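*Asks:* this one's sequence-less:
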Ligand SMILES: N=C(N)c1ccc(/N=N\Nc2ccc(C(=N)N)cc2)cc1
Ligand SMILES: [Ca+2]
């Protein structure tokens, strides 16, 4: 997260870190045994780390649970990032508590202007690189689809939405991928892609979770 702030320990209790020996993506706990992340976060050997604040220090609220199954969206296209969503089932149910909590799926879609919380352990610099140890947060509005498609001509699909600030300075970034965009208590977005980070007129692009609620629910129910 570039231009964000320190969330505060466990203030984003659905935020998970995907760990393959190191944090490589965020995700969101959607129930005790399921995380949603970006399909582009797919890899083998995922350990889901819940209750994390400082990802480099065991602070006492963590649960580390191995993925038992990853399910990349059937239509995920890695070239375009269309359908950049993946479900990860945990080998065992997370113990739910104030610091490890699921985030509600939308029952529809959010609108341009809705303020969302985007969070992650991604890069905090727009030029160069600095990785935070503690979870960073960003309040950002959903941008109109038109501004989104204007910022990224030919690349924005109906499964993507932009959020953030056309002026630059405030954005998600590498390392935030797969993590949540939560608007009005619902996971509306997954950190998906962008051009650089926090650059003028290059807002974050997020997987439009509301398009996937049927698939998420059906997939979870069947798995
Ligand atoms: N500007 C954003 N909102 C945003 C920008 C980039 C982003 N990147 N995610 N992942 C990502 C993963 C790997 C590389 C790499 N091969 N070096 C670069 C980026 C995730 C979000
Ligand atoms: Ca920790």
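*Replies:* Yep, that arrived. Residues are numbered from 1 along each chain as shown. Ligands and ions are numbered 1, 2, ... in the order given.
*Asks:* get me the contact residues on this protein for ligand 2.
*Replies:* Within reach of ligand 2 by Cβ under 5 Å from the ion, the chain has these residues: 52, 54, 59. Every C-beta, even on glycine, is put in place using the N, C-alpha and C of the backbone.
*Asks:* can you put those residues in CSV and add secondary structure?
*Replies:* CSV is the format used below for the residues of the chain next to ligand 2 (DSSP: H, G, I helix; E, B strand; the rest coil):
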residue, secondary structure
52, coil
54, coil
59, coil
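*Asks:* who wins on neighbours among these?
*Replies:* In terms of neighbours by other Cβ atoms under 10 Å, the residues of the chain next to ligand 2 top out with residue 52 at 31 neighbours.
*Asks:* what's the local residue count around residue 152?
*Replies:* Residue 152 has 18 neighbours, counted by other Cβ under 10 Å.
*Asks:* the residue nearest to it when sequence neighbours are not counted: what's it in contact with?
*Replies:* Sequence neighbours aside, residue 205 is the residue nearest to residue 152 in space, at 6.6 Å (criterion: Cβ to Cβ, 6 or more residues apart in numbering). Residues near residue 205 by Cβ atoms under 8 Å, 6 or more residues apart in numbering: 81, 148, 152, 155-156, 160-162, 192-194.
*Asks:* now residue 148: which helix or strand?
*Replies:* For residue 148, the host element (DSSP states H and E) is helix 145-151.
*Asks:* now find how far off-centre whatever helix or strand comes next after that helix is within its chain.
*Replies:* Heading C-terminal from helix 145-151, the first helix or strand you meet, by DSSP H and E, is strand 160-163. Computed by Cα atoms, centre = their mean, to the nearest Å, the chain-centroid distance of strand 160-163 equals 12 Å.
*Asks:* what residues are up against the residue most central in space within the chain?
*Replies:* Central residue of the chain (Cα atoms, centre = their mean): residue 179, 1.6 Å from the mean position. Residue 179 makes contact with 15, 25-28, 37, 118-120, 122, 172, 190-191, according to Cβ under 8 Å, 6+ apart.
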